[PDB]
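The form deposited without this ligand is given below as one chain in structure tokens.
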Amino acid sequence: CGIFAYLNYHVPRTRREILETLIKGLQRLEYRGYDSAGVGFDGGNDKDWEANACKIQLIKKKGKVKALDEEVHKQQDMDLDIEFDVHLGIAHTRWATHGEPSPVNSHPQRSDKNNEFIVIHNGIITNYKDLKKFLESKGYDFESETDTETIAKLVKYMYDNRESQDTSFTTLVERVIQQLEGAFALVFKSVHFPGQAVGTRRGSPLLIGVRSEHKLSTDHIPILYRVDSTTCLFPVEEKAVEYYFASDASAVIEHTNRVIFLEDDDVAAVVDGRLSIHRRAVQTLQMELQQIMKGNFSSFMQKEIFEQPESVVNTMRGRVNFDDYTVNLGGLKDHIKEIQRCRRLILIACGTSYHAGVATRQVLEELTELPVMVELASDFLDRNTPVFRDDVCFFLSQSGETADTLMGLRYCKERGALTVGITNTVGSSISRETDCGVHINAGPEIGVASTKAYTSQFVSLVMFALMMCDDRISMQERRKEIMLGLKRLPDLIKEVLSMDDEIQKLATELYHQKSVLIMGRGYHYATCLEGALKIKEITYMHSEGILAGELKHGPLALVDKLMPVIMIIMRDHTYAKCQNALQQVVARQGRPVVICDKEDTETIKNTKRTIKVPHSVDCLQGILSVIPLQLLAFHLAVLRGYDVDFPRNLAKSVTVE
């Protein structure tokens, strides 16, 4: 889900400039949820903008943001020419995991048929059912089935029973969050408090951007406890200021790089155009707009696949020295010694991040000599897996906010384990709450299906492995072999990408099929699992990864001349076994596409369709063997008329149940 609001204080914006800013803000957040969208602004058509803050307009529609962008326009009642010197507008895109994605369930929610309070919510209220029964007895009627409505009907209940005629908007919000259980990130707007916004969070991201040609009064807003000129963030001499409430930084970087990341239970409030926190640090974002632009590519996913030569380099930058063959991960310098005195490695993650652990488990066992266990976070929690004080627990999360991975982290901390975060998001929950960690530095990933995040996690775990064995004489040559492979890896990725057209041709032979089996073993078990997940996610074909050594134990019965099959046969120590699996598939009349090495002349002669990738070190080959399956999934989706950036039935980053 996504939150975005635009508060222009004494910065004249017409009603069109504001709506185009709310839509443009949701477009930056659409990848977090694109089942429905909505906006909330001030209505009325009075030239004097002051006589219009008493009328709230809600435009909510089902579909992506482009369905709302057109619903907002071509309306017969809203005059898009009213100049507003002061105005507040809130927007939201929703990931409808439950129920229908109807406009009544989309945000902003309302508290009554006159819109006295409207709120946009990211998260879940674990006791909204109790709140719903309490509010219905006092005289409040509910319309939607969402848990967000109990937040709107309640902020109005605290307003209908206040003690003084002018209780601050903060006091009303403070009484609400005290009755809310679970996680949430809220942004309120009310007719009674014109132009005033309130932003509180608890277990969900919520920052506040600021732009102004004037100087700011401070760069460290002091948190308060239940507000003068030496307490609020505001322009000194004049009033020109623009705020940008948002649950992510991509929606704000386009307008300014000065945000204030709030914290749990911090109740920010903009009053008279002054930002004050109740119960901070105005900082510069380290992100360029180009990082969240498609560039010359037709889709984010295509960009992020073809940029893997660069993102791999950025992952190793300032960490790998090829002249002296040294590896240093600054994020682990103060813990690497204690990590080596531990007795077991546990990798915990979901989805593609889990596959990155599968892809590096073998080399981690080799170079650390420690037991390495790889766990799906959801199952890890269901079983109450035993964890001990001398366990090192890794948490792989591109977003750093995945619910199951994050709860596994707090589970392992409670048991005294040493926790390490492998993240792609600075300041994320998982990067903060782990004892140490590594930022893979692959750049923002906008496509729902992770591509560069996987290969960057892969490389990051390999670098950790190289550190763990940098004091073993017997492993020096093995380290050199691996590091030379890493030096040559960016160019070999480029070689794989040059086969883009050859992959597209094979896709034309498969897009009509209902199923495909992807078979691999050893280092390429993860490859066939990740490839199967990608084809599932964006093409909707029934693709499944099958461990090659397991074919003879049942799954081989599903192979015939009609069943599409992709096999991975690389020149490592399992080559002979992979050839036996291939012979078994052929005996069953299978006609598989084989991903193999360029020099594998035997395989290339005896197989019609082969994807010939260049050879790398065995423990790095998984990076090269997965890219063709990334490309294949992309082309299959295009052939089937689907969107590769917005696959049906989900969005990016699972931050709730």
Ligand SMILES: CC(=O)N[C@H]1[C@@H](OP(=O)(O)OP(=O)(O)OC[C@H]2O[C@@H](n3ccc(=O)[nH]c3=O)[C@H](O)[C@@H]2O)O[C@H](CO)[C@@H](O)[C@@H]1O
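In this text, residue numbers run from 1 along the sequence as written.
There is another form of this protein, the form solved in complex with this ligand, and it is not shown here; the text below is about that form.
Residue contact with this ligand in the deposited complex: residue 438 places a heavy atom within 4.5 Å of it. Interface residue remark: residue 295 is not counted as part of the site for this ligand in the deposited complex, having no heavy atom within 4.5 Å. By the criterion of a heavy atom within 4.5 Å, residue 331 is counted among the residues contacting this ligand in the deposited complex. By the criterion of a heavy atom within 4.5 Å, residue 431 is counted among the residues contacting this ligand in the deposited complex. With this ligand left out of view, the stretch that reaches within 4.5 Å of it through heavy atoms in the deposited complex is, among 171-179, 508-516, 414-422, 379-387, 414-422. The candidate spot formed by 286, 319 and 426 lies fully in contact with this ligand in the deposited complex, as each residue has a heavy atom within 4.5 Å of it.
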